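Structure file target34.tsv; described as TSV, C-alpha atoms and all ligand atoms.
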```tsv
chain	number	residue	atom	x	y	z
A	1	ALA	CA	100.30	16.26	2.83
A	2	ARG	CA	99.29	13.29	5.00
A	3	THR	CA	98.07	10.28	3.03
A	4	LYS	CA	97.24	6.68	3.68
A	5	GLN	CA	96.26	3.48	1.97
A	6	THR	CA	95.06	0.79	4.37
A	7	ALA	CA	94.71	-2.20	2.03
A	8	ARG	CA	97.51	-1.61	-0.48
A	9	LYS	CA	98.52	-4.29	-2.97
A	10	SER	CA	102.05	-5.60	-2.45
A	11	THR	CA	104.35	-7.35	-4.90
A	12	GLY	CA	105.78	-9.52	-2.11
B	1	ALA	CA	76.17	15.98	25.43
B	2	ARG	CA	77.53	19.13	23.78
B	3	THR	CA	74.90	20.93	21.73
B	4	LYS	CA	74.55	24.17	19.86
B	5	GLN	CA	72.11	26.29	17.93
B	6	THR	CA	73.81	29.11	16.06
B	7	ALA	CA	70.79	31.09	14.82
B	8	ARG	CA	68.34	30.49	17.65
B	9	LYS	CA	65.11	32.48	17.61
B	10	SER	CA	64.66	34.69	20.68
B	11	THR	CA	61.76	36.41	22.41
B	12	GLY	CA	63.64	39.67	22.98
C	1	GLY	CA	82.99	27.33	12.14
C	2	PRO	CA	85.86	26.22	9.88
C	3	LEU	CA	87.46	24.05	12.59
C	4	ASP	CA	84.18	22.31	13.48
C	5	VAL	CA	83.37	19.28	11.33
C	6	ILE	CA	79.74	18.69	10.32
C	7	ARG	CA	79.16	15.04	9.41
C	8	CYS	CA	75.49	14.12	9.68
C	9	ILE	CA	73.65	11.18	8.17
C	10	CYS	CA	71.87	13.63	5.85
C	11	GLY	CA	75.19	14.45	4.14
C	12	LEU	CA	74.42	18.20	4.02
C	13	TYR	CA	77.28	20.40	5.25
C	14	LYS	CA	75.03	22.94	6.88
C	15	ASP	CA	74.83	24.56	10.30
C	16	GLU	CA	71.08	24.48	10.97
C	17	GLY	CA	68.92	23.91	14.01
C	18	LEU	CA	69.93	22.15	17.17
C	19	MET	CA	73.12	20.22	16.53
C	20	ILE	CA	74.91	17.71	18.76
C	21	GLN	CA	78.57	16.67	18.92
C	22	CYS	CA	79.82	13.09	19.00
C	23	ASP	CA	81.65	12.52	22.28
C	24	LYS	CA	84.40	10.48	20.58
C	25	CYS	CA	85.09	11.66	17.01
C	26	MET	CA	83.84	15.26	17.58
C	27	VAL	CA	81.67	15.57	14.44
C	28	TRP	CA	78.47	17.60	14.65
C	29	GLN	CA	75.13	16.16	13.57
C	30	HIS	CA	71.61	17.57	13.31
C	31	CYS	CA	69.52	16.45	16.28
C	32	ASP	CA	66.46	16.11	14.03
C	33	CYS	CA	68.27	13.86	11.54
C	34	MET	CA	69.57	11.66	14.35
C	35	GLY	CA	66.40	11.51	16.48
C	36	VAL	CA	67.83	13.12	19.65
C	37	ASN	CA	67.64	16.41	21.58
C	38	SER	CA	69.68	18.30	24.17
C	39	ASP	CA	68.30	16.07	26.97
C	40	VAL	CA	70.66	13.13	26.34
C	41	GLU	CA	73.60	12.81	28.73
C	42	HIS	CA	76.07	11.39	26.20
C	43	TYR	CA	76.05	11.11	22.42
C	44	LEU	CA	77.85	8.98	19.82
C	45	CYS	CA	77.43	9.28	16.07
C	46	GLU	CA	76.26	6.41	13.84
C	47	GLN	CA	79.81	5.50	12.81
C	48	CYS	CA	81.13	5.36	16.39
C	49	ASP	CA	77.98	3.46	17.49
C	50	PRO	CA	76.33	1.89	14.44
C	51	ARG	CA	72.56	1.55	14.64
C	52	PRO	CA	69.36	2.11	12.65
C	53	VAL	CA	68.52	5.80	12.56
D	1	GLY	CA	89.89	3.80	12.53
D	2	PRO	CA	87.21	4.98	14.97
D	3	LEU	CA	89.09	8.17	15.89
D	4	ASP	CA	89.67	9.15	12.24
D	5	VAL	CA	86.84	11.01	10.50
D	6	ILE	CA	86.08	10.23	6.86
D	7	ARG	CA	84.23	13.12	5.19
D	8	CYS	CA	84.60	12.99	1.42
D	9	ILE	CA	82.51	14.70	-1.23
D	10	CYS	CA	81.16	11.27	-2.20
D	11	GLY	CA	79.44	10.96	1.19
D	12	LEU	CA	80.45	7.29	1.56
D	13	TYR	CA	81.98	6.44	4.94
D	14	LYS	CA	84.46	3.95	3.61
D	15	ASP	CA	88.22	3.50	3.94
D	16	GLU	CA	89.20	2.71	0.34
D	17	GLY	CA	92.16	3.50	-1.86
D	18	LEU	CA	94.56	6.36	-1.39
D	19	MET	CA	93.09	8.84	1.06
D	20	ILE	CA	94.32	12.30	2.04
D	21	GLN	CA	93.84	14.33	5.21
D	22	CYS	CA	92.74	17.95	5.37
D	23	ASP	CA	95.55	19.95	6.97
D	24	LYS	CA	93.10	22.07	9.00
D	25	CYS	CA	89.92	20.15	9.93
D	26	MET	CA	91.62	16.69	9.80
D	27	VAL	CA	88.93	14.83	7.83
D	28	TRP	CA	90.02	12.17	5.35
D	29	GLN	CA	88.91	12.21	1.73
D	30	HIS	CA	89.41	9.85	-1.21
D	31	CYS	CA	92.14	11.17	-3.51
D	32	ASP	CA	90.22	9.94	-6.56
D	33	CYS	CA	87.01	11.74	-5.53
D	34	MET	CA	88.92	14.96	-4.91
D	35	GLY	CA	91.20	14.82	-7.97
D	36	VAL	CA	94.55	14.75	-6.09
D	37	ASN	CA	97.37	12.31	-5.28
D	38	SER	CA	100.15	11.86	-2.72
D	39	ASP	CA	102.38	14.32	-4.60
D	40	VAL	CA	100.69	17.49	-3.30
D	41	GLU	CA	102.60	19.32	-0.57
D	42	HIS	CA	99.55	20.57	1.33
D	43	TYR	CA	95.86	19.71	1.19
D	44	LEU	CA	92.59	21.35	2.27
D	45	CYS	CA	89.13	19.86	1.89
D	46	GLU	CA	86.31	21.48	-0.12
D	47	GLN	CA	84.72	22.99	3.00
D	48	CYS	CA	87.96	24.57	4.25
D	49	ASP	CA	88.70	25.79	0.67
D	50	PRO	CA	85.51	25.91	-1.43
D	51	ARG	CA	86.06	25.08	-5.09
D	52	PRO	CA	84.67	23.09	-8.02
D	53	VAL	CA	85.78	19.48	-7.79
A	101	ZN	ZN	71.50	16.11	9.16
A	102	ZN	ZN	81.62	9.66	16.24
A	103	ZN	ZN	85.06	9.89	-1.79
A	104	ZN	ZN	88.97	20.75	6.01
```

Could you write out this structure as structure tokens?
Amino acid sequence: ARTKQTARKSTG
Amino acid sequence: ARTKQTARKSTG
Amino acid sequence: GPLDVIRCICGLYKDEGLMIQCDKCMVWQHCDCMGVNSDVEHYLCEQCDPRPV
Amino acid sequence: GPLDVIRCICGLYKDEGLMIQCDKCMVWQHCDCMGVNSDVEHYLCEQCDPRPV
């Protein structure tokens, strides 16, 4: 299914 | 504008 | 119908009364909830064109 | 964005968290509100497929 997460936390 | 009225009451 | 999206400010997913479609995002809203009627030339919903309702 | 329609059972028009799109009507819903995650193969909203949530 199509999903999204606009403000996702990154480890970088 | 596009409008609708599905169950509109009629005189007939 | 199933392919038509109802998204009015009232939050009720119900096909009732005169309803109007947003020109841009295509959702349907109740004219009474939004304060409009079939006389307007163009229509945008309150997310496409934010405003007091 | 403007062209994407958010219509979740929570009724809040906010882009937050993991969100999932209905395969048929194309609205976006919050995975947490709907009890799903990105592992499901297909997804339908609660209007396209009525069910307890
Ligand atoms: Zn309404
Ligand atoms: Zn709109
Ligand atoms: Zn939600
Ligand atoms: Zn749907």

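Summary of the local environment: counting only C-alpha atoms, residues at most 7 Å from segment 33-35 of chain D, other than itself and those fewer than 4 positions away along its chain, are residues 9, 10 and 53 of chain D.
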
Using the selection just defined, write its residues with C-alpha atoms as a compact mmCIF listing (two decimals), in the coordinates of the input.
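part-v2.txt, freshly written:
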```txt
# COMPACT_ATOMS: atom_id res chain seq x y z
CA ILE D 9 82.51 14.70 -1.23
CA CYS D 10 81.16 11.27 -2.20
CA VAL D 53 85.78 19.48 -7.79
```

Item to check | Residue neighbourhood residue 44 of chain D, 9 Å, only C-alpha atoms, exclusion window fewer than 3 positions, as a ChimeraX atom specification | outcome: /D:21-26,47-49

Over all C-alpha pairs taken in sequence order, what does chain B look like after a least-squares fit onto chain A? Please give it as a short mmCIF file (atom, residue, chain, number, x, y, z; two decimals) with C-alpha atoms, keeping the file's coordinate frame.
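So the final result, stored in out_7.cif, reads:
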```
data_model
loop_
_atom_site.label_atom_id
_atom_site.label_comp_id
_atom_site.auth_asym_id
_atom_site.auth_seq_id
_atom_site.Cartn_x
_atom_site.Cartn_y
_atom_site.Cartn_z
CA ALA B 1 100.15 16.24 2.83
CA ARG B 2 99.31 13.26 5.04
CA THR B 3 98.13 10.27 3.03
CA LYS B 4 97.27 6.66 3.64
CA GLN B 5 96.27 3.46 1.91
CA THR B 6 95.09 0.81 4.35
CA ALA B 7 94.77 -2.21 2.04
CA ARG B 8 97.57 -1.52 -0.42
CA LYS B 9 98.42 -4.25 -2.91
CA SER B 10 102.01 -5.49 -2.62
CA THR B 11 104.45 -7.37 -4.84
CA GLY B 12 105.70 -9.64 -2.06
#
```

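Of note, atom CA of residue 20 of chain D and atom CA of residue 3 of chain D are spaced 15.4 Å apart.
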
May I ask you to write as a short mmCIF file (atom, residue, chain, number, x, y, z; two decimals) with C-alpha atoms, in the frame of the given file all residues lying at most 10 Å from ligand ZN 101 (chain A), with all atoms listed in the file counted?
```cif
data_model
loop_
_atom_site.label_atom_id
_atom_site.label_comp_id
_atom_site.auth_asym_id
_atom_site.auth_seq_id
_atom_site.Cartn_x
_atom_site.Cartn_y
_atom_site.Cartn_z
CA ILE C 6 79.74 18.69 10.32
CA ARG C 7 79.16 15.04 9.41
CA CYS C 8 75.49 14.12 9.68
CA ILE C 9 73.65 11.18 8.17
CA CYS C 10 71.87 13.63 5.85
CA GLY C 11 75.19 14.45 4.14
CA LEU C 12 74.42 18.20 4.02
CA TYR C 13 77.28 20.40 5.25
CA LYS C 14 75.03 22.94 6.88
CA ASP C 15 74.83 24.56 10.30
CA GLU C 16 71.08 24.48 10.97
CA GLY C 17 68.92 23.91 14.01
CA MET C 19 73.12 20.22 16.53
CA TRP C 28 78.47 17.60 14.65
CA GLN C 29 75.13 16.16 13.57
CA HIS C 30 71.61 17.57 13.31
CA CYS C 31 69.52 16.45 16.28
CA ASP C 32 66.46 16.11 14.03
CA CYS C 33 68.27 13.86 11.54
CA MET C 34 69.57 11.66 14.35
#
```

Item to check | Residue hits in chain B, query chain C, radius 6 Å, all atoms listed in the file, as an MDAnalysis selection string | outcome: chainID B and resid 1:5

Export of the given selection (C-alpha atoms) as a PDB file, in the coordinates of the input:
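See again-v8.pdb below for the written result:
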```pdb
ATOM      1  CA  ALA B   1      76.170  15.980  25.430  1.00  0.00           C
ATOM      2  CA  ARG B   2      77.530  19.130  23.780  1.00  0.00           C
ATOM      3  CA  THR B   3      74.900  20.930  21.730  1.00  0.00           C
ATOM      4  CA  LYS B   4      74.550  24.170  19.860  1.00  0.00           C
ATOM      5  CA  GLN B   5      72.110  26.290  17.930  1.00  0.00           C
TER       6      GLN B   5
END
```

May I have the centre and edge lengths, in Å to one decimal, of an axis-aligned box around the listed atoms of segment 4-23 of chain D with 8 Å added to every side, as lines of an AutoDock Vina configuration file?
```
center_x = 87.5
center_y = 11.3
center_z = 5.0
size_x = 32.1
size_y = 33.2
size_z = 30.4
```

Next on the checklist: Please report the interatomic distance between atom CA of residue 2 of chain C and atom ZN of ligand ZN 104 (chain A) in Å with one decimal.
Outcome noted: 7.4 Å

Next on the checklist: One number please: atom CA of residue 5 of chain D to atom CA of residue 27 of chain C, in Å, one decimal.
Outcome noted: 7.9 Å
